[PDB]
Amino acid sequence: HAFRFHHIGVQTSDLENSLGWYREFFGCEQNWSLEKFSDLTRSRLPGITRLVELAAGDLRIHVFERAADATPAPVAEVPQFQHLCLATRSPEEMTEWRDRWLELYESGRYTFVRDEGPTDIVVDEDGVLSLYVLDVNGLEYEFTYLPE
């Protein structure tokens, strides 16, 4: 492989809320935290106050907070990395992911940008299962099972 996926950066308005939900939902760990930033970072992300690297298996997530004066909601009609898909290992885990999202949502431990619950688990004609949820920032995560 010429290159390998390293990590994805998640911008949030409430770092504490995202750090708790990501660790609870995905089983993430905190590898390191950063509060000093170079001239290029403050130019790219004006107002960044802290960045934390999260690790859940092969997926690494760099969650960072910027202004937090307002709490805007994601825009849909705009070009974007629209969603992040994660492959499960059995059809049973698909129900597990949807159940655990609901459990964390109605537990009251977190504030969600949007109140939209998880989608149903949908089968296509080739046996693929599809499940979509929103993180605490209103960003879409897809859980799938490919009969590979």
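Position 1 is the first residue in the sequence shown; the rest follow in order.
When the mean C-alpha temperature factors of 98 to 106 and 65 to 73 are read from the deposited coordinates, 65 to 73 comes out higher.
Annotation for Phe143: CA B-factor lies in the lowest third of the chain's modelled residues. Annotation for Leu84: C-alpha temperature factor in the lowest third relative to the rest of the modelled chain, per the entry. Among all modelled residues in its chain, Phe26 ranks in the lowest third by Cα B-factor. Annotation for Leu59: CA B-factor lies in the highest third of the chain's modelled residues.
The PDB entry assigns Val113 a C-alpha temperature factor belonging to the lowest third of its chain's modelled residues.
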